[PDB]
Every structure is written in C-alpha cells, then in structure tokens.
Ligand SMILES: Nc1ncnc2c1ncn2[C@@H]1O[C@H](COP(=O)(O)OP(=O)(O)OP(=O)(O)O)[C@@H](O)[C@H]1O
Ligand SMILES: [Mg+2]
C-alpha cells in the first residue's frame, strides 16, 4: 500500500509560497536593513552569545550534506 | 570620416578616427625604445589632449574604440607605471577615457566586468597627484558638445559607490578586499572623494547622497554643512536654501532607519539653528525627541536680546504649534522670569490665544440644532449623548443644558456619560466648568464622576502659563475612596495636561498603577491616563506600567474584558519611540502564560516600526499560523484563548498604522490598498476576527490621514449594513468628520438610513443614531486629524482616547470614554503685533506636485483662496503660503502645518 | 538620483507585496468553509446547464415570470426561478438563461456588455491638474460647473439655486479641450467615461438606440461620475449616406441621447461633457438652455497664454540660455497650442539633424519659421498694404 | 548614464508587475448567487426546468 | 484554468456545446488578412533614388 493522504501537504505547500516570495520582494529594502541591524546585535547578542562572532561565525565557507547513494 | 591626412587641422582628426599617429603609435614605440625620450613624451601629452577633445564630438563608438584600443594594452605592457615614477604615472591621462570606451561606449559584458576593476586602481593612483580629479572635472563641466561626455564622468562616480559598499560587507577592509584591489581609506582615495564632494553639490547632486549614507557617520554630514552654508546667499537665495535642507530631511526618512537617523538629525538641527528659520530648527528638534535641543533654540533667541523685538514673539509661536503641550511647558516659565510682557507672551505660548481666534469663526458659523431629544428606553440614552456629539469644539448649546430635566432623566452608567458629554460643548475654552460644578455636588456618585471627565476636556484650553491647573481641583476626587469617582479624576487630569509630563501630574500617577489586585473593570483609566501623558517626547518605557498588568493576572483571569483593555494601554505608551521599545518586548516575553503571550504581539508592532516593511511580512506570518499548526495534527481556559486570538488581529492593523505615518506620506495611498485586501482576508477567515477588523478600518484611514477620502468610507459602509457590530458606522464617521460635505455628503444619509429604516434590536440601533450626529460640524467649523499637523510624519497626542476604542464590543461603559475627542486643528490665521484675528489669503493644492518633498509643499501658483476659514482636509490638505504674486511677504512658512502664520506688509 | 530612488522605495515593496498577497489568498478563501455555502453552489451548478444563452430582460410580470428579448430571434416568456429573486432583478438588466428551457437562473452580469467595456476605463489621465499651462480662465469655468457640485453641494443650498448639469466644450482644434476634461476628472478623483459618440454607429441597423440607453444606465450605478461623450458631432444633423444603409440610424441615435439626459431628473451629480467641433455640425437646438449649463468657447492662445504653454516644453529640453524665452514669443504670431508643441518637436529633430545634445540657437530659429509656413495667410497685411 | 538608466529598468518592471497583478485579481471574483430564500425556490425549480412548460 | 484565460483572449470552441478547445493568438479579421495579401515590403532607397 502507498500513502493515501496528502491533505496536509497542501498546508505545507501554501505557507512555503508565502514566506519565500516576500523574502525575494524585500531585497531592495533588505540592503539598508543589514546596516541598521549589525550594531544592535553588537549591543545585545547575536542569537545567544557574544563570542563566535569574531568573524561571520568562524567559517567563510559552509557545511552542506550531500548523499551520493544510488544502490 | 576616413583617412584625409594632415592638410589642415580638421583633416588630422578624420585621419586618427581610423588609425592615430601622434597618439597611440608614437608614445608606445617611444617608451619601449628609450627611457630618456620620456621628456619628449611629456610634450607630446598636450598634442594628444587637443586631438582627444576634437574627436570627442563623434557619436559613433567604433571610430574612437578601435583607434585607441592598443593604448589600453600599453598601461601595463610598456609604461609599466614605475620606470621613472612621476613620468609614467602622469601618462595615464590619455589611457583613462580609453578604458571607458570599452566600458560604457561599447557594451560587451566580458570586457565591462574586467576593465571596472582596472579603472578603480588607475583612478586612485593618479589622484594622489590630483591630476586625476582635474581629468574628471574637465568632463564634469564639459569641453566638448556631444553625447560622450554626458555619460563618462557619471561612470567614474559609480566606481567609487561600488568599492565603498564592498568594504562594509568584507571583513578584511581596505585593499585587502578582492572586489577591485582598492581601498576607500589611505591617502590615495580619500582625497579623491574629498575633492569630488566639493564640486558635485555646487553644480549637481549625483554622488552626494551615496557618500553620506555609506559612511553612517555624523562627520560626513558635517562636511555637507560647510559647502551648503556658502551657497545660501550668493549663488541662490535664502528661500531656495530652506527647501534644500527639508528636502533632505523628509526624503531620507525611509532611507535612514532609527539608529541611523539619530546621528544625522543632529547635523540637520545645526543647519537650521544657523539659518534664519528657527521654525525649522524647533520643528526638527521634536524629531530627535530631545528636550535639550528645544530648550536650546528658545534660550538662543531669549537671552542675548533685552527687548520684545522679533525674538520673544517668534519663540511663543514655535512652541505654541505643538498640541503635545510639551513645548508649551518648556517655553513658559522662562517668559515669567525674564518679565517682557506677561499678557501677550504666556498666552501666546500656551493654548489661550487659539480660544480668541475661534470666536470670530464661530460668530459666522452660528449653532445648528438638528439633534433629537427623544425620551424612554434606550432612546433617552441615545439622544443625550448626540447632543454633545453635535456641538463639539467651542460652540454654544447653553440654554439647552440649563434645562436640567433631560439630563437627570438618564440612569445607570448612561447618567455618568450624560454629565460628561456636556463638557465637550465648551471644548477648548476657558469656560465649561460652570455647567459641570452644579451636577458634581448633588445626587448619586454617578453624576459626580461624569463631571470630572468634563472638567478634563474643557481644561485643554488652559493648563499652561502656570494658570488654571487641572491638578488643583481634580486631586480631591482621586483621594475619595469610591472607585467611579477616583478613576474619573485621573483620566481627566491626563487629558487637560495632555502630553506634558508636568511633575505634579506625573507624580500623582506614579505611586498608583501598582494596585490592580482589586478586580475593577472600570480601573483601566489608571494606566490609560499615564499613556496619554507619556506620548509627546522620547518614551521612558517605564517599568511601573509593565508590572501592573501582570499583577492583574495573578488576582483574576476570569474577567478577560479588563485585561484586554490594559494590554492596548501599554503599546500606546510606547508610541513616539522605537529604539528603546526593542528592549521591552523581551521584558514581557520573560514570563510565559498564554495570557502574557497576548501582551507580546501588540507591543511588537510598536518595536519594529520605522523599518516597518519587515513588519508587514511579519503581520502575514501572523495570519498563516493558526491554520499551519492545525494541518500537521490532522494527518478558565476560555478567557486565555479568547485574549490570545483577538490581540493578534488588533496587532496586525496597529502594526500598519504606526508604520504608514512615520516613514511614508505619499506611500500612504498604496498602503491603503494593503489594508483593504488585508481586512477582507481576516473578515472572511475568522468570525471572531471579523469583529476587530470592522472597527479598525475607520481608524486605519484616520491614523494615515489619506489623500483620497472619497471612495473608501462609502464602499465599506454599504457592506457593513449586513455585517454586525453597528459600531462599524461610528468608526467610519470619525474619519469622515474631516472637511464636511465632501467626505460627509453620502455619509450622513447612509448612517441615518440604517438606524431609522429598520429596528432589529434597540441595542444595534443605539450606535446607528450616534454616528450621524457625530460626524457633523456646523460650517466646517474645525477639522479632525489623527496627526500633530506640525509634522505629517508625526503622530497625535490628544487623539489617543479616540484611537483606543476599536478593539471593543459595544457598551454603556465605552460611552464614557467617547465624550473626549480633544486635539483639534486651530485655523492658520495671520497675526500682527497688536493681534489680527483672521487670514488674508492662502494657496491650496489638493495633492502636492513635488516628489523632493512629500510633507505638503506644492507650487507657488496654487489655486487662490480667501480668508476666515479652517485648514481644509480634502482639496487643500497641503497648504502653501501665497506671496510671490501679491508683493507682500510671509515670515512663517506653512506646509499644511497646524501653525498660524504671520506676515509683514510693507 | 536620490528621489527617483525614493519612488522605488515606496512602489517596489508595497506593490510587490500586493501581488503575492492576492496569490496566496485565492487558496486561503476556500479553506474556512466546507459545507452550507459549498452545498448551495453545488446544486447551482447541477441546475444551470452548459452553455448558457444570454438574455436581456425587457420586463418582469409580477407572478414569477417575465419577458426577455434574446439574441435568439423569437422572444420568450421565461420564468424567474432558482437562486434569483424578483427584486434581484430590475428591468433592462442583462440576465442568464438556461439553454434547454429559457429561465432566469440569476444574474452575474448587471449591465456587463462590450460597449460598457469600451466606455469604462482604468487608464491613467494624460494631464493632472493642468500640467501644461495656458487656459487658466476656461478651467475656472469648467470647475465651477462640474467639479464644484461634486466637491461641495452645501454651498448651492445656501444659495438656493439648483446645481448645474453638464458642460459643452467647443470651437478650435489644438487647444486641448479634450485634455482639460481629463485634468478635471483626475482632480476630483471621479469615475471617468471615455466613451466616444462615434462608436455607437455602424452600417447595420437597429443596434444603436440600445447603446444610448446603456450609457445613462451604467453612469447612474457608479454615480458620482463624469461622463465624456467625445465627438458628438458625427451623430449631429448630418446624414450617414445619401443612398441607403443608414437613413434611419443617425436620426434615432441622437434623439435617443437627448431624452435620457433630461429624464434622469435635473441632476448635478452625473455631469455630461459634449465635445464637438462646432454647433454647425450639430442640430441648431440641442436640449437647449437652462439645462446644459455652461458653454465654453475655445479660441487661440494670446501672447500671455502661449508663453505659458511654451515655458513647460522648453525646460524639459536641453538649454534655454542660448535664445531668451521672450525671443521665442516675439518671433511667433498668435496660433493654437498644438503649433507651440510642434515648434518644440521640430527643434528636437533639428538637434538630431546636427547630431548635437544641445538644442542650439540655430535649431530654435528654424523650428519657429517652419510652423508659420503651414498654416499661413498674408492677405491680412496685403489688403492693408 | 547610470543615474537614470538603471532606474529606468526598475520603473518598467514595477509596471509589468502591476499588469500581471490585475490578471491574477480578476480571475477570481465574489461567490456566487446562492441565497438561502431562493434555495427553497429550488424544490419547484428542478421540476419545471425539466418539464415541457416553458 | 480561468487564470490561464485572460480578458481579450481569442479562443476556439466546438459547435454542439461550444465547449472550449484551446487558446489562439492568431486573430482573424479582414484587415489582418489584408497584410497576408499585401505580402512583404520591398525595394530600397537607391531603386527610388533622386
Ligand atoms: N490649457 C491646456 N490644457 C492642455 N493642453 C493645453 C492647454 N493649452 C494648450 N495646450 C496645448 O494644446 C495641445 C494640443 O492639444 P490637442 O491636440 O489634444 O487638442 P483638442 O482641442 O482636444 O483636439 P481635436 O479636435 O483634434 O480632438 C496640447 O498638447 C498642449 O501643448
Ligand atoms: Mg480633442
């Protein structure tokens, strides 16, 4: 037997289109938003600590996970 | 055209369009043959310059491109830029257009990318000398007539904007960035910029705003001062200079977010302070939120003068303009001390002089009596409130009141609101107190309580110059143990003092707001009053006000109705700030209860303002969340749940309101679109949600003060006959009140039709009746705005009692509040030294034409209007001062300000 | 540079958000309901067949029937039944019929027709609050009649007079009578009807008097309104053809127009605008004064008026330092406002001719002489001299 | 030409976005004709429509 | 869909129910067929020199 419910995947699909589109739309305003923002983060915190912000975090590059299994 | 040799000079130019002789060949061969022939090259530089100029008049890109192509090679291949240091360095003068010929003239992507980096480098290195600046400059002011020069100097300037921005992003900074190989520091590019700035403000404007904002420093802004202060008298007049400074300030409100703005308004203040419009100095001082700055402009005019002169008079006028009354406090007292004139000065600073001028308008206007005076049931209750609602502002209705029959015939909580409505008859007038004193000392406590509210409303007319403080009278009542009486006393006291945080007033409200353990639904007024007081200056975001709402939840959480009204009061306190309001979202979120979470979403709307385009995407995330959560799951409590939901809906709209006034002003029109389709979504979505949104529309438009008020009230209205909560009608009318019988013509009939036509409940009805009478004013007697008026970037301060009632299901209790609606625009008449009580002329333009300013500047021509009228709200929302045609000159700018004018005639 | 960025700051974020908002909401509308309204819809679709033949409702007989005239050649006594009410209909409104057996199954039109579509416009006006100068006075006469009742009706009531109905713009070509009406319409923020009077007339007969009715019918639904029937000259006294195929059409169509303008009532809430070349291309009595107030005769700009038109154009083009503002006026003699715009287009083409990026002195001088040469007479000074 | 050139394309995209916005809007309109007192008219409505009588 | 059909879109239909087929951008009028008759423009300025 297969999966015979996909009703709740419509809800996922609807809210996926909302958040992603605004994000794109915002980009023009988003440029200046970053200048405003960085100082208040210095004043407060990044997201929970005042360290691991001596660079961007501590790595220029990024961690991606890629699965090349094909069996 | 083509090869035609050396016969005359014309024909040398035509030859080098195909292949140069004295330019590309000669120099190139010379430099790679010998290194002592560099002295011959030097002379051959001048010869190249004139031939370049001559052939900078040919519109085809190909016959300048290819000709000088190989010069581009030479930069690094033969010259090498270090063989004899100054000499190779200074022969990079022909090579810089040549690079641009491939860049801009030729549009081929590959090459455009590659030579951008190079142009930045060779620019920088050659500006050390300063002859690269001079190279830019011969193109800035031109030496050629064609298309070519009109783009090239512009291309140079963008190069600069690119690099500076890249240093912000990059964490290496200087030329250790790989963007171009270049820095915005050192001694090599900094000096290039310095020279660049000087010239382009003088003649152009193009690179000037990009430098300022990129640095983010008040220093950059202080260079802008030096250049502008020169320009203000010999190159353009005074008037033209005033327009520059405010263009800069109004334009960059949504281009400088809060932390960014504060370092900048400091420079803008200084500009104004030096300048001849001290009116602009003071106006700007309100922005900063700084008391100190307001005080400085006043002290500067008062102290080094020992005479009435222009100086004392102008000071009174500037401070008078805010109906915050914050400026009122500052400005009076120093006048008492100095002892010039008491009689002209103290009154002119305080709200005393606005009473005299209303008298002349009122005399023309008469008093219209169309109100009902029905008796029995709810019809008694309806009629007695409507009577106050139809003679709002200073108007006469005295003889009607003096028959105390219909007044005394009300009962209950209605009785309390009937004594209250009486006070708004004589709103913004010294008198009023007479009618009220009589009721206050006889019968039931209900009628005493109502008196106190009225004294508050009347007392907006005199509460400065140290004369008639509301405090003296209203204190005795706070002391009294009964709840009705004491609540009334402290609400009315806030209204009278307005935005002033006068010490006596403040200090009465400070020990209290900390016992709300006692369950009293009519004890809102404790925090509600303190909120009204706070707004007008930079907000404390006081910890007492935040504490007591939580105490209320400890004692009782069965009666939600009280705890919903409290939550709104905290967010209204925090308006007029945004920097400091980021901290307090965290203070509320510290405690976790489903009830406390209700508090957080309101106050979030106030925190994120002025970068409210982010606020928008968030208030949409809000919509989605009930449904999204539900989806996943498919594959005592009652009070907490209900507060939860409703707060969200309220916030979505509050969020919008705060944003649209402060950043945009033109953009409000578009934002109105954002609202109407938003409102539909919530109205359809939840039923419970639909109630909040119906009332909210009327106040949405009023907060933004729309430029188009024709369509929007009237459309909603028809739909809302079917829709429940007839309070819907009351909220549309509060906006429609405006400029009477333009917005209001359709409205009075439509609202009267629904009540009169069908009675489907005496409950639904009571609202339907109240609405019609409420909009009207007799002969366009005053307008209403949910704005300062002085700034249209601002916000109300006396209008917050109006604003409050839109989260609320309809009730008798609510009626009590609604009697207050103080904050009325004074008519912007012309004054003399020995007082004149009318206008002469004004320009009106329904919609301003300018997009350099959007505050409310239209052209000099306008459409000409006469005297003796209040400030129009539709068809003349911006208002300009007309003088250029009448050979007569105003001293005090007017741009749809609240502000009264003064003119000098010669 | 800085302020065109500010237009971008306001328009990009608010507008881009608005598209996205609509697009999710179309899904979101559906989800609140799942019975009741869904059910009623479901049975509306069972009842109403596919396709539906259009009807036009002539009249309602009060007994659960009506009579329609349809693009099907014989008329029908149809019934009013199923998801429609007796008072959801009004006569003369367009109805939807059932293919098999004609019945009014509801309305989703309500005066939706192609002639309505041409007439209503969602376009932006070309001029807003007299962008181009000249004719200062004439607009302060349109405004008294048209804009002024809409904006403030109260002032007419103190006065005790009835408020005006309509204006007639007429006289000269190239004076921008058709553009002042567009200006006035944007100033108020009224509903504008660009219908053209010439778009009711076709070879085929008997269609026309329907079209005349529909204008007055739609205008009243969306009132307040400003109606512009542009170029009512063609439907004037004149005839279509001297043979055949049009002896009737002009005669019925004009008469039918006067009738429903008067028959409204004497309103000051739906204004009409008749744009016409002259009263010599129309009938000698229209409908005919006290009722059609006011009449505006356009004539040629005078030296003051043509200065004003010119100053607008010259500033939007490179240079004015070369040849004084006054020197342009002086050289020109009095002509319509088109001739003033024409000199500036030709000037710009002449800068292209040279391959300059400046409008030089030479360009102004030639461009002035050209227009004067079209458009010429010399027997004014030949009779004299 | 960077001050006006770049800002020209930006102007253009907004207008096109607005045209697209209007075709998204008009494809859905207000539901339907269904009214509770004429849902009772439906009982008689099936019989007469299928019959030979109009 | 009714998001795929636009205002002023020409379409094909049956005749026994007038049920839609698909979208068409070829709009057929006598003026458009006049372009088919005329064919392509021809000639060059030097053929018509002088
Ligand atoms: N007051 C004004 N309003 C508008 N444009 C004006 C005004 N005065 C003069 N003009 C000038 O007149 C020009 C010609 O206008 P236009 O050709 O549309 O004329 P019209 O009288 O409406 O014509 P038609 O008879 O061709 O329908 C405008 O482009 C403008 O340069
Ligand atoms: Mg015309």
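Protein chains in written order, with the deposited numbering: chain N, 785 to 855; chain Z, 1 to 635, 700 to 970; chain I, 53 to 437; chain H, 42 to 95; chain J, 103 to 152. Ideal Cβ positions, reconstructed from N, Cα and C, are used throughout, including at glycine.
#1: Quick one: is the Cβ of residue 225 of chain I within less than 7 Å of any heavy atom of ligand 1?
#2: Any residues in the stretch 204 to 229 of chain Z with a beta carbon nearer than 7 Å to a beta carbon of chain H? Which ones, in chain order?
#3: Could you tell me whether any non-hydrogen atom of ligand 1 is closer than 7 Å to the CB of residue 228 of chain I?
#4: According to the neighbour-count rule (16 or more other Cβ atoms, all chains shown, within 10 Å of its Cβ), is residue 304 of chain Z buried or exposed?
#5: Mind checking if residue 67 of chain H is an interface residue toward chain J, Cβ cutoff 8 Å exclusive?
#6: Under 7 Å, CB to CB, which of the residues in the stretch 140 to 164 of chain I have a partner in chain H?
#7: Closest by CA to residue 28 of chain Z, which one among Z/708, Z/94, Z/610 and Z/794?
#8: With hydrogens ignored, establish whether the beta-carbon of residue 607 of chain Z is closer than 7 Å to any heavy atom of ligand 2.
#9: What is the DSSP secondary structure of residue 825 of chain Z, reduced to helix, strand or coil?
#10: Here's the rule I'm using: 16 or more other beta-carbon atoms within 10 Å means buried, otherwise exposed. How should residue 119 of chain I be labelled?
#11: Which stretch, first to last residue, makes up the alpha helix (DSSP H) that contains residue 396 of chain I?
#12: When you check each C-beta in the stretch 115 to 128 of chain J against every C-beta of chain I, which residues fall closer than 9 Å?
#13: What would DSSP say about residue 965 of chain Z, mapped onto helix, strand or coil?
#14: Judging by CA-CA distance, which residue of Z/431, Z/464 and Z/418 is the nearest neighbour of residue 451 of chain Z?
#15: Say the cut is 7 Å; is the CB of residue 237 of chain I nearer than that to a heavy atom of ligand 1?
#16: Does any heavy atom of ligand 1 sit closer than 7 Å to the C-beta of residue 192 of chain I?
#17: Assuming residue 217 of chain I and residue 343 of chain I form a contact by the criterion Cβ under 8 Å, report the distance between their Cβ atoms to the nearest whole angstrom.
#18: Bridge partners for residue 106 of chain J per DSSP, in chain order?
#19: Leaving out five residues before and five after residue 523 of chain Z in sequence, what residues of the same chain have Cβ atoms less than 8 Å from its Cβ?
#20: For ligand 2, any of its heavy atoms closer than 7 Å to the Cβ of residue 286 of chain I?
#21: Which class does residue 31 of chain Z belong to by DSSP, given the choice of helix, strand or coil?
#22: Verify the contact flag: residue 198 of chain Z, CB atom, against every heavy atom of ligand 3, threshold strictly below 7 Å.
#23: On a Cα-Cα basis, can you pick out the residue from J/150, J/103, J/107 and J/151 that is closest to residue 127 of chain J?
#24: Could you pull out every residue in the same chain whose Cβ sits closer than 7 Å to the Cβ of residue 946 of chain Z, ignoring the five residues on either side in sequence?
#25: Answer yes or no: the CB of residue 184 of chain I versus the heavy atoms of ligand 1, is any distance below 7 Å?
#26: What residue ranges within the stretch 898 to 937 of chain Z form continuous alpha helix (DSSP H) runs of no fewer than 4 residues, ordered along the chain?
#27: Beta carbon of residue 399 of chain I: closer than 7 Å to some heavy atom of ligand 1?
#28: Comparing C-alpha positions only, which one of Z/329, Z/341 and Z/444 sits nearest to residue 351 of chain Z?
#29: Buried or exposed: residue 240 of chain Z, going by 16 or more other Cβ atoms within 10 Å of its Cβ?
#30: Would you mind working out which of Z/616, Z/875, Z/965 and Z/433 sits nearest residue 791 of chain Z, comparing C-alpha positions?
#31: Quick one: give me the first and last residue of the beta strand (DSSP E) that residue 87 of chain H is part of.
#32: Taking the alpha carbon of residue 598 of chain Z as the reference point, which residue from Z/704, Z/617 and Z/611 has its own alpha carbon closest?
#33: For the beta strand (DSSP E) that contains residue 674 of chain Z, what are its first and last residues?
#34: Quick one, are the C-beta atoms of residue 349 of chain Z and residue 371 of chain Z less than 8 Å apart?
#35: Any idea what DSSP makes of residue 538 of chain Z, helix, strand or coil?
According to the structure shown:
#1: As a first step, residue 225 of chain I must be located in the third chain, where it is residue number 173. Yes; taking the cut-off as 7 Å, the Cβ of residue 225 of chain I has a heavy atom of ligand 1 nearer than that.
#2: 206
#3: Taking the first residue of the third chain as position 1, residue 228 of chain I is located at position 176. Correct: residue 228 of chain I has its Cβ closer than 7 Å to ligand 1.
#4: Position 304 of the second chain, counting from 1, holds the residue named residue 304 of chain Z. Exposed, since its Cβ has fewer than 16 Cβ neighbours within 10 Å.
#5: For the purposes of this step, residue 67 of chain H is identified with residue 26 of the fourth chain, where counting begins at 1. Chain J contact via Cβ: present.
#6: 150, 153, 154, 155, 158 and 160
#7: The residue you call residue 28 of chain Z lines up with position 28 of the second chain. Residue Z/94 is the option with its Cα nearest to residue 28 of chain Z.
#8: One-based indexing of the second chain puts residue 607 of chain Z at position 607. False, no ligand heavy atom lies under 7 Å from that Cβ.
#9: Residue mapping note: residue 825 of chain Z aligns to position 761 of the second chain, counting from 1. Coil at residue 825 of chain Z, not helix or strand.
#10: By 1-based counting over the third chain, the position of residue 119 of chain I is 67. Exposed: under 16 other Cβ atoms inside 10 Å.
#11: Taking the first residue of the third chain as 1, we reach residue 396 of chain I at position 344. That run of the alpha helix (DSSP H) goes 390 to 406.
#12: 119, 120 and 121
#13: Sequence index remark: in the second chain, residue 965 of chain Z carries index 901 (1-based). If DSSP states are grouped into helix, strand and coil, residue 965 of chain Z belongs with the strands.
#14: As a first step, residue 451 of chain Z must be located in the second chain, where it is residue number 451. The shortest C-alpha separation from residue 451 of chain Z is found at Z/418.
#15: On the third chain, position 185 is the one that residue 237 of chain I refers to. Every heavy atom of ligand 1 is 7 Å or more from the Cβ of residue 237 of chain I, so no.
#16: The sequence position of residue 192 of chain I within the third chain is 140, counting from 1. No, ligand 1 has no heavy atom inside 7 Å of this Cβ.
#17: Start at 1 with the first residue of the third chain, and residue 217 of chain I comes out as number 165. Start at 1 with the first residue of the third chain, and residue 343 of chain I comes out as number 291. With 8 Å as the limit, residue 217 of chain I and residue 343 of chain I qualify as a contact, their Cβ atoms being about 7 Å apart.
#18: Taking the fifth chain and counting its residues from 1, one reaches residue 106 of chain J at position 4. In the DSSP output, where bridge partners are listed per residue, residue 106 of chain J has none listed.
#19: The residue given as residue 523 of chain Z occupies position 523 in the second chain. Excluding residues within five positions, the ones whose Cβ falls inside 8 Å are 483, 487, 516 and 562.
#20: Counted from its first residue, the third chain places residue 286 of chain I at position 234. Result no, Cβ not under 7 Å from ligand 2.
#21: Within the second chain, residue 31 of chain Z is the residue found at index 31, counting from 1. Looking at residue 31 of chain Z - three-state DSSP - the assignment turns out to be helix.
#22: Of the ligands this structure carries, namely ligand 1 and ligand 2, none is ligand 3.
#23: One-based indexing of the fifth chain puts residue 127 of chain J at position 25. Of the listed residues, the one whose Cα sits closest to residue 127 of chain J is J/107.
#24: Taking the first residue of the second chain as 1, we reach residue 946 of chain Z at position 882. Contacts found: 905, 906, 907, 926 and 928.
#25: As a first step, residue 184 of chain I must be located in the third chain, where it is residue number 132. Residue 184 of chain I: yes, Cβ under 7 Å from ligand 1.
#26: none
#27: The sequence position of residue 399 of chain I within the third chain is 347, counting from 1. Because no heavy atom of ligand 1 lies under 7 Å away, the Cβ of residue 399 of chain I does not count as near it: no.
#28: In the second chain, residue 351 of chain Z corresponds to position 351, counting from 1. Comparing Cα-Cα distances from residue 351 of chain Z to each of Z/329, Z/341 and Z/444, the minimum goes to Z/329.
#29: The sequence position of residue 240 of chain Z within the second chain is 240, counting from 1. When all chains shown are included, residue 240 of chain Z counts as exposed.
#30: Along the second chain, one-based indexing puts residue 791 of chain Z at 727. Nearest C-alpha to residue 791 of chain Z: Z/875.
#31: By one-based count along the fourth chain, residue 87 of chain H stands at place 46. It is not in any beta strand (DSSP E) - residue 87 of chain H instead sits in the alpha helix (DSSP H) that spans 83 to 91.
#32: Your numbering for residue 598 of chain Z matches position 598 in the second chain. For the residues Z/704, Z/617 and Z/611, the minimum Cα distance to residue 598 of chain Z belongs to Z/704.
#33: Note on chain Z: numbering goes from 635 to 700 directly, and residue 674 of chain Z within that interval has no coordinates.
#34: Position 349 of the second chain, counting from 1, holds the residue named residue 349 of chain Z. Position 371 of the second chain, counting from 1, holds the residue named residue 371 of chain Z. No, the Cβ-Cβ distance between residue 349 of chain Z and residue 371 of chain Z is not below 8 Å.
#35: Numbered from 1 along the second chain, position 538 holds the residue referred to as residue 538 of chain Z. The answer is coil: DSSP assigns residue 538 of chain Z none of H, G, I, E or B.
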